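As structure tokens, the structure follows; a few thoughts come after it.
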Amino acid sequence: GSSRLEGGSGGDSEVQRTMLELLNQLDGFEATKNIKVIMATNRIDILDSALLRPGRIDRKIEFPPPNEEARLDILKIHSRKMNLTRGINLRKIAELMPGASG
Amino acid sequence: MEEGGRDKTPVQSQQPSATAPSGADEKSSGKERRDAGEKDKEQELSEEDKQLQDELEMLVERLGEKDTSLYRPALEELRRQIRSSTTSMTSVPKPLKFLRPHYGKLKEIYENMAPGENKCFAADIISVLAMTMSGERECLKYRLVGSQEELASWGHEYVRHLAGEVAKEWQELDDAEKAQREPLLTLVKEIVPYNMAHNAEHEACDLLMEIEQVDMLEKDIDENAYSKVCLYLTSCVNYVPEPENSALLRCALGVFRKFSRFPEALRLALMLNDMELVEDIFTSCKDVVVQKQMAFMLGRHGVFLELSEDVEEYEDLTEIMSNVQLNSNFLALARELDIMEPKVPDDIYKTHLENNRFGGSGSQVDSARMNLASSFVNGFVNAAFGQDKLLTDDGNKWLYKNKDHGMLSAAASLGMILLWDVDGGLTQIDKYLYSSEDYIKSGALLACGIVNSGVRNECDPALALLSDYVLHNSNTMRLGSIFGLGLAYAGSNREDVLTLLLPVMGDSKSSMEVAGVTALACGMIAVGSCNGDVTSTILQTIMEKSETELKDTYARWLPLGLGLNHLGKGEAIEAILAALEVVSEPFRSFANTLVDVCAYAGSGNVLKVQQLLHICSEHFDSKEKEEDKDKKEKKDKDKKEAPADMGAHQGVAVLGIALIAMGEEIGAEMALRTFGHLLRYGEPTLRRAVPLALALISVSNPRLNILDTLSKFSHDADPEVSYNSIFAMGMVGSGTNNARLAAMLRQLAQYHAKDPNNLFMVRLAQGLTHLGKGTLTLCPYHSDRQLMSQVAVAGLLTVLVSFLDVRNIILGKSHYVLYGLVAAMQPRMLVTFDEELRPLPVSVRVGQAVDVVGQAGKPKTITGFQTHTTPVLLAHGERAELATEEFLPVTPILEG
Amino acid sequence: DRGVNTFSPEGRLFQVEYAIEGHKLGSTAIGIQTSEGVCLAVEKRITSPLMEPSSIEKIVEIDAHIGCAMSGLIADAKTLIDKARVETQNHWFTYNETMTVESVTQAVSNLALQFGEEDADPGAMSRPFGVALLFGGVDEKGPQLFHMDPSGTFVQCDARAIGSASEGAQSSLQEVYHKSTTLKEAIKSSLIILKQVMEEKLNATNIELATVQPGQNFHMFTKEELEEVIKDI
Amino acid sequence: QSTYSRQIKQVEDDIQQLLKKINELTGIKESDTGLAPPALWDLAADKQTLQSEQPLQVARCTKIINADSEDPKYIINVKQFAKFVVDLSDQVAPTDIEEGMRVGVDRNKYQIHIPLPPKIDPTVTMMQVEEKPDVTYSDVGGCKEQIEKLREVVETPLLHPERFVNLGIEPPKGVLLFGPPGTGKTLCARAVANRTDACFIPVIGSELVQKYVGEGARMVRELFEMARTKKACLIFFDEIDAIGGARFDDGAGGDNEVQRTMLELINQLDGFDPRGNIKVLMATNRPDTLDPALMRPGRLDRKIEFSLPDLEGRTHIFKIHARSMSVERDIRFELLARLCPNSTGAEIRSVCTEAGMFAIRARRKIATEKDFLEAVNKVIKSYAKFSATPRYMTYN
Amino acid sequence: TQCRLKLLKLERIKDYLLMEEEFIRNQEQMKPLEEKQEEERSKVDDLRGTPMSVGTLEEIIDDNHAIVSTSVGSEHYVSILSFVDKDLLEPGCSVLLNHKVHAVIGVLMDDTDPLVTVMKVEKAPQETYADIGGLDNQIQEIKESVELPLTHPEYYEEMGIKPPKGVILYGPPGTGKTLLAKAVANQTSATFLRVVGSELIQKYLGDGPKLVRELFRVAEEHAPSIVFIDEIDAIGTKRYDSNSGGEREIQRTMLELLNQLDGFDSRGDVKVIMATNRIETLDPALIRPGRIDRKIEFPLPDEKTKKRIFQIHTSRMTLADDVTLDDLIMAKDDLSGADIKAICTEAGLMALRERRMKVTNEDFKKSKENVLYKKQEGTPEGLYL
């Protein structure tokens, strides 16, 4: 669906924009809400007028790229599943690792 | 909230004082009950006097405040204290003035709760106080009109103080006639017409009427308030029983006729059906009103306005009675007589013939059955009269060539076409008598009676010619003289008319179908008046039923005729009744229920109950089936109670036909035929949509006779744009053919649905109400409960006369023309206090006249507010006239 | 899509049919040729008193003895008038006497239709002008009134009206205005016809009149002169 | 108070007891009769029931064979997709049978008691159609020459066929309504159809085209056939702008579905059978889109442009609109007409509308000349930019 | 007042009275409805049996038949049988049929589809009229079309003009085209249908004009009704690349709107609210007058006015007056109503995060800061001049 995106700012954004509209006003359940509509995207290009402005969305989140801390914290919980040999620093493996993801 | 406060001098603390008795007052509750008895009178006066001033001020102040839900229970608890020993026990001079704000405590309760049970209760308690006050009440209403501190609530509420009078527990003439009813009527159209109807305070109103008219004119709309009182009286039939009720209808008719506004008076008179009432209407209006106005002219016009049945001026019991009333009334003998005389309404019809033309397609197609069918069609296209005069004048082509039953029938129908001629219809009749078989000659006699009616007031009448005819031996010639005599007069209480019927009507069964019609005709003579009776009809009816009832058409007419003859009051009837009673049959039993209604002089509460313990949907062969269908329809009932109540009644009547149909397999086919006649009589709310909807289904379904009845009423609007609807309906009529028998019913249906341009449809009510009553329509209805039609049967159907006179615009005061009038258009409806609804103009221009048609032109109104006048006669043109009432002897309205 | 340059099956161009409509949008101007002179009348139709009524012009001079009233888009006409001023004096340099109503009108009309929306020079029109001009003056030949159209059809008239009332007014002129009606009567005829398209009654701040009469040059009528014709309409 | 309280509780209570009667008598499940027209309708259906019509399963005749059993034999295929070899009944008369048309067969013994009515294959098209309603000429704007021209084409031959035959000229079939919107192309089409008093079929261009390719061929084919069989049909093909477009293919879906309806209408019209008893009226805002086949005569005999009116015509739209209104006649109809020239029919009705908006705010029941003047100067300046006409008139 | 009350009591009585009188008395009578009528109903139950095959009535034909497609995946030609009325039934209803011989016994079923449920989204606004700051008049012109014929139709009919339907809400967006649509709906208290325009363009081909027809049907019955079509502009500009409908599908759907509005078939008292950011990208006929009567431009709310709306906002997200109310307002130069919400909504989030229930000055400054990344404040308008 990369073709939907460059075509006119997403067919997938179309679904998000409508759900966001429905959720903005609906029945007597405008007052209380426990159903959110969440978007994952990685571009700012796709963003139509309702998405772009704040006080229409509760938050726009910017993610911090994977750092040296993040590799450790993820590595540590992972390493438990297998057998390990004593005297291996979890700190050492993460720090060398340049990653690109978890 | 603050406790007490009518014990504190400032006008502001009065407003919490009203709420305060919910908790209780500090001094004010004890002052009135306990202290008044306990402590001496002289000492009390100090306490009371300071309290009186506040209590009075407070009354205008309470009205000024807007609560009715916080206001209402709080002042009501306080009311008990005053009643105990402040009513008239305190002293002699002080209570009378103290009762004046007391009245106020009760009024809010009277008003808020607008039911009839609260009205009653509220009245019993209020009337005793009134008598104690001895005229403090009239002054109280006066202050209210001014408004010291009031500004809203007092407009509904003050009317209620008047409402209190009705009970008359102790009130003789201490306020029952005039206590400012006239301001109270003028502002509030609602509550006063009810109070007015019951009290017969309405009598005083006649005296007032000149003064009241001034308010009526264009300052306020009083015209609406008068129109309202009639609505309540007709509805009051169901509320309170008919014997209690008859005196009430009679009382309102005297006041309505005297007061200038005639349309309300005619509705009540029509319901009563008596001899006395009709003469009076002319003379009363003249003497009370010193100025000529509309008032003199009304006596004539009311006759014209009234739509019962058949020939022009309608009932014509009134027209025969008018010949010396006309003389008393005097706005010019010569003029008044010429206009009143049917020559003037006939004359306008003639002028109309040229523009009108003929819009269907004629046929006088020589020889065969085709000839006989064709003769029928001629009358049918108009459904009355139009420019058929040219076709009919040639005798030779249609009439002479017709064979058998066809000659009688064609000849019979010929008078109904030629009605609305004074002479030149007559010449044609005289010729046909001379020529050919006995049949043309016999149908011609009936025809003479109708034509001659175009001039009367002892100006060449119907009676003179018909009397000689009555002797004739043949059963067909006899029928023609007697049927023509009931058709023409349509009400008579002249000696000569009654005596001629007396030794004839010796028939009780005959081969000829049309001979049964003689009974209807004798009953027809009775209508519109009290009893002298004619013995022969009464005797023959019971005898006929036992003897034959196999011919359904024949059978229907004889019991109906019996009830109609009885109608009215008198002791002449008492003598023949003894003779009738000695014989008792199961057969007589149904006829008797109709008589109860008749006897009383119009009923509607007695009628109502009887229609529940009904003869409806009942037979043993066709023994009880004689009156059963006629009863079920309850058309007479629907129209009788208000135009407003009619809407509902109509839906129920339809529902009722459906009910008779489920019950009997046979009744289903009849129930379909019954709908066209029902609709036609009734003047329904469901007017356009319904007959057409049925009509289409009936093409597809067998029985062509269904289309033929349905078509009488379905023709509806006459072409302005209605041509598209008529032509489409007509197309369906034409297309169908499969036999001659089949073809004859369709052929008639096609030509009836069509109408010549700017003629009119059917009407049986007066055109400012849905109340009416015909006897003319019972005849086609009876002969069209059969399967198919015959040449014989066809002749009765051809008549649908009770149609309009061609004036529906400016009856005027020195006009009486066909020529149009200024009208304005409003889509508006805001009223519910008018005789059939009429809106207020904004004075914006549209094409001349209200529609000459029997429907439409109802929200299209008169402009008489650049004339600065008020209409008596409400604008409609269903049958209505646009005339207005001024102090002036003539309306100075503009023409266009 | 289809172009606008194309001929329709009716047998006319689209751009031009629109331009006639543009003439219909504006204010009405009447130009009457009388043989006593040529009067041009135009409606000001002001809606505010803060305006200065002298500077609302819709009569502009082609020449010093030819006046012109213009109708439809006021702006679109102004360019044609700018080019006209240069030609009249130019005509004086070459001929050594002043330009005629006929000569000036045929030369502006050539420019009126030239339109080629794409692949046409920027020194030439992409679209025609929606203005109708009325050139009214008296010149060496005598009083002449020539009418020019946005379709570039020029014709000689004696009474012509253009603007919103153009068809209505033109019919109505043919009736009252003839050559058995004098110049002052032409001014009265124009004033009556003017009122339906106007939002208000006729006034001396709601008309502008100028007459060019024989032996005289172009005169713009002063407040007194406007007021004398207002008195009797 | 008491009397009314009592009557409310009582009446309601009576409906509960009555409940057995409510269902039989009024309807709303379990007998929906009043037994004046149903006594007849039921009666006729019963004889059918008893032998072999009901349950009548809809099927259609695929082919007429004479193989297996009797000489009359037909292969019908039911709408469950199984074929059956069936007989033919004289038990009740077959009346509408044609090869390929729907026919009815029984589930107990599969034989044709009665064929289904002519070409009811789309039930979908038939339901939406109005049949000749009455539209007054107090809302069909103007007097105008523009109105009159269409009528000669549409109304006169249907109203009277008499004339055309006598001379020996062929009668009108075709008219093209073309011009920008808001000129009441729809508005007039309706009015004259009732005036003529012939059957009115309006159909939307969008409804002809539906999901699958060749589904669009089924609805159009069967609509034209249905039209021909009935007595006098006018099919008013409503508003085809891109739902009528010229044949092309993009290889993703293409113009295929759109052209499908278009082409179907061409195949039955010209065909090897000509147009039957079918008159055609086209509404297009774009003739620029249409196929060369449609634009030539034999369904488009005369082209008439109903477009933006003339200067005199705009005054006539004011006069017709005023009749509907209950506003002053002291308001000059003409003044409004000059103040807004180059205005379509829709725009002149918005002026009246606007005039009313100013009027309600002020709290008047009647519109004024003041409100009116204001309404036209706002229309000439503002409304022009939005208006449909510059782009649609270029295509026209 | 008194005459009205008695009339109503009578009307109610007459339906009841008549129906009842004929029945019970005919049970006493020896020939009319009596036994038969009670039996007829019993007889429908026994004839139908169990089970009953369900159908949907597409149309009734006047020939003693109807087209009801049975739930078995084949079509049936039903006859008026088992005591039923042909004309009584209105199209589109689900009906019960006797399986044993095809007859419509009666009508009661609808068997509810999810498509109507999606359409009907009732109102309950965030903010609404009379809690919105400045430009009071701008709302009142809108009311002319939407609100005012619902509140009083009387004024319009009496005047005699075409009842105003259709409005275009245009201008640069930040004024609350969405807010105004919600606000009018609460005030009028009429049914609120909300369908977003993007939803018309579907992944299915040719469903779009069908979905319009249904929208308007659902509105007519509901009516007086308001329909808010949020953002009509979205379908024309965009090609989602979820369909092969193309430019053609948009064009057919836009057209179907016109037909349903006035057309050959009108839909009674359905007003349309079109929010749009632009008027030049829209289809020509859709924005032509006489499908709208009122055209209004929203310019952005004034810098003074931003202050009067803010007090209200701060109070809603707990009142503090320790805030620099003026600074937050100032930096942002004449732009969206949306930014005022963002600054309060965020600040309150931050306060909670800090672990308190009171929003303070520091929280207001912080939220503001986060909002400048997310939007661009009002720095665009500043750069130009």
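Chain identifiers are assigned as A, B, and so on, following the order in which chains appear in the structure tokens; residues are numbered from 1 within each chain, and ligands are numbered from 1 in order of appearance.
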Handout entry: chain D contacts to chain E at 6 Å (only C-alpha atoms) as a VMD selection string
Key = chain D and resid 24 28 to 33 41 to 42 54 to 58 79 to 80 206 210 to 211 242 253 325 to 326 346 to 347 350 353 365 to 366 387 to 388
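Here the DSSP assignment of alpha helix (DSSP H), based on backbone atoms, applies within stretch 133-177 of chain C to residues 166, 167, 168, 169, 170, 171, 172, 173, 174, 175 and 176 of chain C.
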Handout entry: Contacts of residue E:112 within 12 Å, only C-alpha atoms, excl. fewer than 5 positions in-chain, as a count of residues only
Key = 5
Exercise for the section: Compile the contact shell of residue C:44 as a VMD selection string: residues with an atom at most 7 Å away, counting only C-alpha atoms, same-chain residues fewer than 2 positions apart removed. Expected result: chain C and resid 42 46 56 206 to 208
Serialized selection, N, CA and C atoms, as an mmCIF file, in the first residue's frame:
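Saved result, out06.cif, follows:
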data_model
loop_
_atom_site.group_PDB
_atom_site.id
_atom_site.type_symbol
_atom_site.label_atom_id
_atom_site.label_comp_id
_atom_site.auth_asym_id
_atom_site.auth_seq_id
_atom_site.Cartn_x
_atom_site.Cartn_y
_atom_site.Cartn_z
ATOM 1 N N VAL C 42 -25.870 58.812 -19.285
ATOM 2 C CA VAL C 42 -25.468 57.623 -18.554
ATOM 3 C C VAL C 42 -25.914 57.804 -17.186
ATOM 4 N N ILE C 46 -25.236 56.031 -7.849
ATOM 5 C CA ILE C 46 -24.455 56.027 -6.652
ATOM 6 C C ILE C 46 -25.231 55.534 -5.508
ATOM 7 N N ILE C 56 -17.246 60.110 -10.836
ATOM 8 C CA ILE C 56 -17.749 58.916 -11.371
ATOM 9 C C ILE C 56 -18.033 59.250 -12.765
ATOM 10 N N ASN C 206 -27.534 61.647 -10.397
ATOM 11 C CA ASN C 206 -27.734 60.264 -10.748
ATOM 12 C C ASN C 206 -27.847 60.176 -12.277
ATOM 13 N N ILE C 207 -27.564 61.306 -12.991
ATOM 14 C CA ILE C 207 -27.354 61.250 -14.411
ATOM 15 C C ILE C 207 -26.103 62.101 -14.585
ATOM 16 N N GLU C 208 -25.435 61.895 -15.734
ATOM 17 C CA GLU C 208 -24.364 62.696 -16.259
ATOM 18 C C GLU C 208 -24.716 62.860 -17.726
#
Exercise for the section: Using only C-alpha atoms, determine which residues lie at most 10 Å from residue C:127, disregarding the query and same-chain residues fewer than 2 positions distant; provide the list as number ranges by chain. Expected result: C: 4-5, 15-16, 19, 112-117, 124-125, 129-130
Exercise for the section: Using only C-alpha atoms, select each residue of chain B with any atom at most 9 Å away from an atom of chain E, and give the selection as number ranges by chain. Expected result: B: 114-116, 190-191, 194, 231-232, 235, 239, 612-614, 616-620, 644-645, 647-649, 651-653, 655-656, 659-660, 662-664, 697, 700-701, 826-828
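Between residue C:203 and the residues C:178, C:8, C:43, C:133, the shortest atom-to-atom distance, using only C-alpha atoms, involves C:43.
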Practice task
Find the residues of chain C in contact range of chain D, meaning any atom within 10 Å when counting only C-alpha atoms, and list them as a ChimeraX atom specification.
Solution key: /C:1-6,8-10,13-15,18,21-22,24-28,163-168,195-200
Residues of chain A that approach chain E to 12 Å or less, counting only C-alpha atoms: could you list each one with the shortest pair of atoms and its distance in Å to one decimal, rows by chain and increasing residue number, as CSV?
residue,atom,partner,partner_atom,distance
A:1,CA,E:241,CA,8.9
A:2,CA,E:241,CA,10.2
A:3,CA,E:241,CA,7.2
A:4,CA,E:241,CA,5.2
A:5,CA,E:240,CA,7.9
A:6,CA,E:240,CA,9.3
A:7,CA,E:239,CA,6.2
A:8,CA,E:238,CA,5.0
A:9,CA,E:240,CA,7.7
A:10,CA,E:240,CA,6.1
A:11,CA,E:240,CA,4.4
A:12,CA,E:240,CA,8.2
A:13,CA,E:240,CA,9.0
A:14,CA,E:198,CA,6.6
A:15,CA,E:199,CA,8.2
A:16,CA,E:198,CA,10.5
A:17,CA,E:198,CA,8.4
A:18,CA,E:196,CA,6.2
A:19,CA,E:196,CA,9.4
A:20,CA,E:196,CA,10.3
A:21,CA,E:196,CA,7.4
A:22,CA,E:121,CA,7.8
A:23,CA,E:121,CA,10.0
A:24,CA,E:126,CA,8.9
A:25,CA,E:123,CA,6.7
A:26,CA,E:121,CA,5.5
A:27,CA,E:122,CA,4.1
A:28,CA,E:124,CA,5.6
A:29,CA,E:124,CA,8.0
A:30,CA,E:124,CA,6.5
A:31,CA,E:124,CA,7.7
A:32,CA,E:124,CA,11.0
A:44,CA,E:374,CA,10.9
A:46,CA,E:240,CA,11.5
A:48,CA,E:234,CA,9.7
A:49,CA,E:173,CA,8.5
A:50,CA,E:173,CA,9.9
A:51,CA,E:374,CA,10.4
A:52,CA,E:375,CA,7.3
A:53,CA,E:375,CA,6.0
A:54,CA,E:342,CA,5.4
A:55,CA,E:342,CA,4.1
A:56,CA,E:338,CA,6.8
A:57,CA,E:342,CA,8.4
A:58,CA,E:346,CA,7.5
A:59,CA,E:346,CA,8.3
A:60,CA,E:374,CA,6.8
A:61,CA,E:374,CA,9.1
A:62,CA,E:374,CA,9.9
Exercise for the section: Please determine the contact residues of chain B with respect to chain D at a cut-off of 9 Å, counting only C-alpha atoms, and supply them as a ChimeraX atom specification. Expected result: /B:113-118,655,657-659,661-663,665,667-672,694,697-698,701-702,721,723-725,727-728,824-827,842-846
Exercise for the section: Using atom CA of residue B:256 and atom CA of residue B:210 as the two end points, give the distance in Å to one decimal. Expected result: 13.8 Å
Exercise for the section: Would you please extract all strand (DSSP E) residues from stretch 13-178 of chain C, as assigned by DSSP on the backbone, and give them as a PyMOL selection string? Expected result: chain C and resi 29-33+38-43+59-61+66-71+132-138+143-148+154-157+159-162
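Taking atom CA of residue B:268 and atom CA of residue B:570 as the two end points, the separation is 19.7 Å.
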Exercise for the section: Would you kindly return, as a VMD selection string, each protein, DNA or RNA residue with an atom no farther than 10 Å from any atom of residue B:276, considering only C-alpha atoms and excluding same-chain residues fewer than 5 positions away? Expected result: chain B and resid 269 281 318 321 529 to 530
Practice task
Show which residues sit within 9 Å of residue D:224, as a ChimeraX atom specification. Count only C-alpha atoms, and ignore same-chain residues fewer than 2 positions away.
Solution key: /D:219-222,226-228,235,265,268-269,275-276,278
Restrict the selected residues to C-alpha atoms and save them as a PDB file, in the first residue's frame.
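The resulting file, result07.pdb, is reproduced below:
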ATOM      1  CA  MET D 219     -30.940  -3.474 -16.671  1.00  0.00           C
ATOM      2  CA  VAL D 220     -30.901  -1.205 -19.779  1.00  0.00           C
ATOM      3  CA  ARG D 221     -31.874  -4.038 -22.222  1.00  0.00           C
ATOM      4  CA  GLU D 222     -34.802  -5.009 -20.158  1.00  0.00           C
ATOM      5  CA  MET D 226     -40.421  -3.092 -21.031  1.00  0.00           C
ATOM      6  CA  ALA D 227     -41.008   0.406 -22.373  1.00  0.00           C
ATOM      7  CA  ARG D 228     -41.867  -0.794 -25.832  1.00  0.00           C
ATOM      8  CA  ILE D 235     -37.973   7.416 -20.870  1.00  0.00           C
ATOM      9  CA  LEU D 265     -29.162   1.332 -25.522  1.00  0.00           C
ATOM     10  CA  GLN D 268     -31.813  -2.424 -29.056  1.00  0.00           C
ATOM     11  CA  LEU D 269     -32.613   1.008 -30.618  1.00  0.00           C
ATOM     12  CA  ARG D 275     -37.068   1.481 -31.468  1.00  0.00           C
ATOM     13  CA  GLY D 276     -40.496   0.221 -30.372  1.00  0.00           C
ATOM     14  CA  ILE D 278     -40.401   4.414 -26.911  1.00  0.00           C
TER      15      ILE D 278
END
Problem - Between atom CA of residue D:309 and atom CA of residue C:17, distance in Å (one decimal) - result: 12.9 Å
